[PDB]
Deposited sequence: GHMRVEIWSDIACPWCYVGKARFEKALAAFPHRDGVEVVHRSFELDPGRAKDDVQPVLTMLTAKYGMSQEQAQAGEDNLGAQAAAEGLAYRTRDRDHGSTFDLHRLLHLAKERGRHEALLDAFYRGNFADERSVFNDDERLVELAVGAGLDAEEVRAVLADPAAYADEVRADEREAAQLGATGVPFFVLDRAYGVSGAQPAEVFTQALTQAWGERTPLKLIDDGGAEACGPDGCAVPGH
């Protein structure tokens, strides 16, 4: 088979839309049975302070020198494209903050086999839900418990800043080495990079090309165990 790695941040509307687009493409791919999907941490703003939560629309108009009209229109468009993938998406009063701790908790999840459940919870918590996922540990606890995780434990991870920090940074490091400066970023078989919330069409194409072009392995050759037992040479 082959592996598809997907770098994303929770505070990234196209990561949320692009995940659904990819999954839709994957479900129509002829070798979906041979594909493993691995989610990977990325922070769009790793330097941001935990207590720095801002309204999205303020951020667009203030931080990006864009009009309020234009800000609203981008969000309306994102709401339309989210609906079209079967995702809820609030087009008003969204907020934005640091995701570092969310990512540490995603690694707790990845190591409780619940990675995709907590990822979807956090996305839902962010984009579908009026309550903030930022600077609110009890919110993360509730979202995490809802995803199957244990609470005393999720709390221990949140209480201990070093808990899973290495793992978050290592994912971020790997993305930086692979050339990604923006998410979502999809790496198909460590041969092809796909960037942004592409049409399921492109994703389908990317899967097929990536699959199609894997050459058999190149061997280097000694003692082994095989259908007729183990070696005894020296």
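key: Gaps in the model, given as deposited-sequence positions counted from residue 1   = Several regions go unmodelled: 1, 223-225, 239.
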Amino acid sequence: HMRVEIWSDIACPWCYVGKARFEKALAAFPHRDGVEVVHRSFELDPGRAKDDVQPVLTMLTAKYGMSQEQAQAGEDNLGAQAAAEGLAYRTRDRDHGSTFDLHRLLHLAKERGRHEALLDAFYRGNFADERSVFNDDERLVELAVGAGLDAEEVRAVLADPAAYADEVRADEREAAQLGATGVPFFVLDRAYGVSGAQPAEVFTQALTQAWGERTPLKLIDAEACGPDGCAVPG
From here on, numbers count along this sequence of modelled residues.
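key: Comparing 162-170 with 60-68, the one whose average Cα B-factor in the PDB entry is higher   = If you average the C-alpha B-factors of 60-68 and of 162-170, the larger mean comes out for 60-68.
query = Lowest, middle or highest third: where is residue 55 by C-alpha B factor in its chain?
reply = It falls in the top third of the chain.
request  = Tell me, lowest, middle or highest third: where does the Cα B factor of residue 209 rank within its chain?
outcome  = It falls in the top third of the chain.
key: Third of the chain, ranked by Cα B-factor, where residue 182 sits   = Answer is lowest: the recorded C-alpha B-factor places it there.
task = Comparing against every modelled residue in the chain, figure out the third that the C-alpha B-factor of residue 218 lands in (lowest, middle or highest).
result = Answer is highest: the recorded C-alpha B-factor places it there.
inquiry  = Quick check on the deposited entry: does the C-alpha B-factor of residue 76 sit in the lowest, middle or highest third of its chain?
reply    = For residue 76, whose C-alpha B-factor we compare with every modelled residue in the chain, the answer is the middle third.
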